[PDB]
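In order, the protein sequences belong to chains A and A'. A prime marks a further copy of an entry chain.
Heads up, the authors' numbering is the position in the first sequence plus 1, with the first residue counted as 1.
Heads up, the authors' numbering is the position in the second sequence plus 1, with the first residue counted as 1.
2 protein chains.
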Amino acid sequence: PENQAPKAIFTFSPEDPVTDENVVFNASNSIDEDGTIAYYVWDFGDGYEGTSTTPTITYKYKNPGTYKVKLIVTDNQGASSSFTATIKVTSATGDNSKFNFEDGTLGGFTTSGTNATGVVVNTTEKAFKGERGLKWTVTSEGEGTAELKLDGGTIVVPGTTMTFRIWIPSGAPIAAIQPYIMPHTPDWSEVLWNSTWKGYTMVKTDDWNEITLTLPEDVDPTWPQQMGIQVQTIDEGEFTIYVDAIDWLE
Amino acid sequence: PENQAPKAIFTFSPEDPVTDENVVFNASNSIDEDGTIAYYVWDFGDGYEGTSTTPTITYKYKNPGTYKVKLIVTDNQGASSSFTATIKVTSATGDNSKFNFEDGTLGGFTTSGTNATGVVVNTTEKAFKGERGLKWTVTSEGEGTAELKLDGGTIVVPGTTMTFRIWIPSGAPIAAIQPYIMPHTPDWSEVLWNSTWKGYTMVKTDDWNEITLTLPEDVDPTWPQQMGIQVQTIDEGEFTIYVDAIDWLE
Ligand SMILES: [Ca+2]
Ligand SMILES: [Ca+2]
Ligand SMILES: [Ca+2]
Ligand SMILES: [Ca+2]
């Protein structure tokens, strides 16, 4: 053996592109130690490939998704090395979440509570993705509980990790908040409870909070499910929580 | 039909118990609407069951884990309802992480960098879990890169989500930080790159940061892997990052 294969590597910018946004891929740290680079071949992971005459190339993805970008660097003697990185493209406008609230509807969500009363509307005031979300206003009367909830056919398969985005205000009479999933027999004689409990002091106030919750893989897949967010209240007061972009795979 | 079955429900405290810590389960919101409750039967999910003569019962778990706690409430006429919640118990002392650093060793981790130099030691100064972690000191000379890394047999199976805990200081000459996993052919002619990129402005400074990263399920399971943390530097300076409790399931 004798010719040394080239070093292949690239970075890209921006790291978090949106659809139809220019991404610049930069292979300039690639090098052939004992010769020169003859080809930069790019596979964009979407069905298209091309080459650059310099170490940089720009590209755009029209569809959201996670793409494998492969660079092959080939030297002046035909020896090659490759480097593959993953790039995530999210939708520039709109919201592809399982519950995205873009149709202007509540998506079956209602409110309940004890020593607290809730109302929910579809809102354009705040959203996590797209233009629309839910706006959930709670009036507490003291120590109590309030829910924003959906009954409850079979919402997720067992094993599924759900992601909730919750906008939680400062100065609110709350002790804790928790997304939940509650499978139950049709007759409600047996109830299963799954939640991600978060203390009010362990939460980003006046900001969006991303909270995950997994339905255990051993739950009966045929049991109807209630999905929702529960707030524990500790004093009198009126506060507004925003909920959007509840999402999971499949 | 005529007898109404009871309402069964409980809460517990603390929500985040450690091993051998008292947990108080409280079924006091359970009620039989048309009679009285005769039995509170508790299944603690660990092999043990018991009853309480009041709505409350205390229990301790000696082993860490996630337990299903089932309450069955039975009324004065033998009708019952059940409510099952999950409780997570973590170890009171020590560290069960895949990389826990409790043996006082580096666990195969080394440092590299360009326009930056790193040193790493096993430390008791800060840890995320248990008594020990890694202490990683980086001297930058300008725009550069530094890694804390492990080569790299087959560290995780494809599909695995790894959790890194990284303590990131304020006032550091850094632009970005990212845990990574880098499968490669034995000859290094083909490299795959997976990372969770975080800007310095999108990170909790002077605090522990929990960052997850998934190795894609389609990676060849036989390729050797480099796992590590990469810091991008932007100016001269000396900064210290603490790393502990890198963890995944299986
Ligand atoms: Ca060469
Ligand atoms: Ca939305
Ligand atoms: Ca009864
Ligand atoms: Ca440790």
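Backbone N, C-alpha and C fix where the C-beta goes; we use that ideal spot for every residue, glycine too.
Inset, instruction - Compare the Cα-Cα distances from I182 (chain A') to each of A':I167, A':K205 and A':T215 and report the closest residue. - result: Of A':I167, A':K205 and A':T215, the smallest CA-CA separation from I182 (chain A') is found for A':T215.
Legend entry - Coarse secondary structure for residue 1 (chain A'), derived from DSSP in three states: No statement about residue 1 (chain A') is possible, as the shown extent of chain A' runs from 2 to 251 and does not include it.
Inset, instruction - Flag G134 (chain A) as yes when its Cβ comes closer than 7 Å to any non-hydrogen atom of ligand 5, and as no otherwise. - result: In the structure on display, ligand 5 does not appear, and the ligands it does have are ligand 1, ligand 2, ligand 3 and ligand 4.
Inset, instruction - Report the rounded CA-to-CA distance for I235 (chain A') versus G172 (chain A'), giving the unit in angstroms. - result: Here the C-alpha atom of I235 (chain A') lies approximately 12 Å from the C-alpha atom of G172 (chain A').
Legend entry - Alpha carbon of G79 (chain A) to alpha carbon of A6 (chain A), nearest angstrom: 9 Å
Inset, instruction - Compute the Euclidean distance between the alpha carbons of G134 (chain A') and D104 (chain A'), then round it to the nearest angstrom. - result: 10 Å
Inset, instruction - Kindly give me the distance between the Cβ atoms of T20 (chain A) and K63 (chain A), rounded to whole angstroms, as I take these residues to be in contact under 8 Å. - result: 6 Å
Legend entry - Collapsed DSSP secondary structure at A28 (chain A') in the structure displayed: coil
Legend entry - Own chain partners of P15 (chain A') with C-beta closer than 8 Å, once the 5 adjacent residues on each side are dropped: Hits under 8 Å: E22 and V24.
Legend entry - Among A':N116, A':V122, A':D96 and A':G114, nearest to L107 (chain A') - alpha-carbon criterion: A':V122
Inset, instruction - Flag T87 (chain A') as yes if its beta-carbon sits less than 8 Å from any beta-carbon of chain A, otherwise no. - result: yes
Inset, instruction - Could you confirm whether any beta carbon from chain A is found closer than 8 Å to the beta carbon of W224 (chain A')? - result: no
Legend entry - Proximity test, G131 (chain A) beta-carbon vs ligand 2 heavy atom, cut-off 7 Å: yes
Legend entry - Counterpart residues of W168 (chain A') in DSSP-defined beta bridges: A':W209 and A':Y243
Legend entry - Of the residues A:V158, A:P174 and A:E211, the one placed nearest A246 (chain A), counting alpha carbons only: Shortest Cα-Cα distance from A246 (chain A) to any of A:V158, A:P174 and A:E211 involves A:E211.
Inset, instruction - Express the C-alpha separation of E126 (chain A') and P170 (chain A') in angstroms, rounding to a whole number. - result: 14 Å
Legend entry - Any chain A' beta carbon closer than 8 Å to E144 (chain A): no
Inset, instruction - Could you check the C-alpha separation between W189 (chain A) and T197 (chain A) for me, to the nearest Å? - result: 22 Å
Legend entry - Spatial neighbours of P184 (chain A') in its chain, beta-carbon cut-off 6 Å, leaving aside the 5 residues before and after: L193, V220, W224 and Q226
Legend entry - Cut-off 8 Å between Cβ atoms - residues of its own chain near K8 (chain A'), not counting five sequence neighbours on either side: When the five nearest sequence neighbours on each side are left out, the beta carbons in the same chain lying within less than 8 Å of the beta carbon of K8 (chain A') are those of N30, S31, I32, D33, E34, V74 and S82, in order along the chain.
Inset, instruction - Indicate whether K136 (chain A') and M228 (chain A') have their beta-carbon atoms separated by less than 8 Å. - result: Between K136 (chain A') and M228 (chain A'), the C-beta gap is not smaller than 8 Å, which leaves the two residues out of contact.
Inset, instruction - With a threshold of 16 other CB atoms inside 10 Å of the CB of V157 (chain A'), please say whether the residue is buried or exposed. - result: buried
Inset, instruction - Put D236 (chain A) into one of helix, strand or coil per three-state DSSP. - result: strand
Inset, instruction - Return helix, strand or coil for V90 (chain A), following the three-state DSSP convention. - result: strand
Inset, instruction - May I ask you to list, following chain order, the residues of the region 187–211 of chain A' that have a beta carbon less than 7 Å from some beta carbon of chain A? - result: Taking 7 Å as the Cβ-Cβ cut-off against chain A, the residues of the region 187–211 of chain A' that qualify are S190, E191, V192, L193, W194, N195 and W198.
Legend entry - Within 8 Å, strictly: CB atoms of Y68 (chain A') and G36 (chain A'): no
Inset, instruction - Just mark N195 (chain A') as buried or exposed, buried being the case when its beta carbon has 16 or more other beta carbons within 10 Å. - result: buried
Inset, instruction - Tell me whether the beta-carbon of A147 (chain A') lies closer than 8 Å to the beta-carbon of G119 (chain A'). - result: yes
Legend entry - Contact with chain A by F129 (chain A'), beta-carbon distance below 8 Å: no
Inset, instruction - Would you list, in chain order, the members of the region 62–90 of chain A that have their beta-carbon closer than 7 Å to a beta-carbon of chain A'? - result: The residues in question are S82, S83, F84, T85, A86 and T87.
Inset, instruction - Give every residue whose Cβ lies closer than 6 Å to any heavy atom of ligand 1, listed in chain order. - result: A:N4, A:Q5, A:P7, A:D33, A:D35, A:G36, A:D76, A:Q78 and A:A80
Legend entry - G79 (chain A') (DSSP reduced to helix, strand or coil): coil
Legend entry - Beta-carbon neighbours of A6 (chain A'), restricted to chain A and to distances below 8 Å: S190
Inset, instruction - Using 10 angstroms around the beta-carbon of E239 (chain A'), count the other beta-carbons present and answer buried if the total reaches 16, otherwise exposed. - result: exposed
Legend entry - Any non-hydrogen atom of ligand 2 within 7 Å of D245 (chain A) CB: yes
Legend entry - C-beta neighbour in chain A for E16 (chain A'), strict 8 Å: yes
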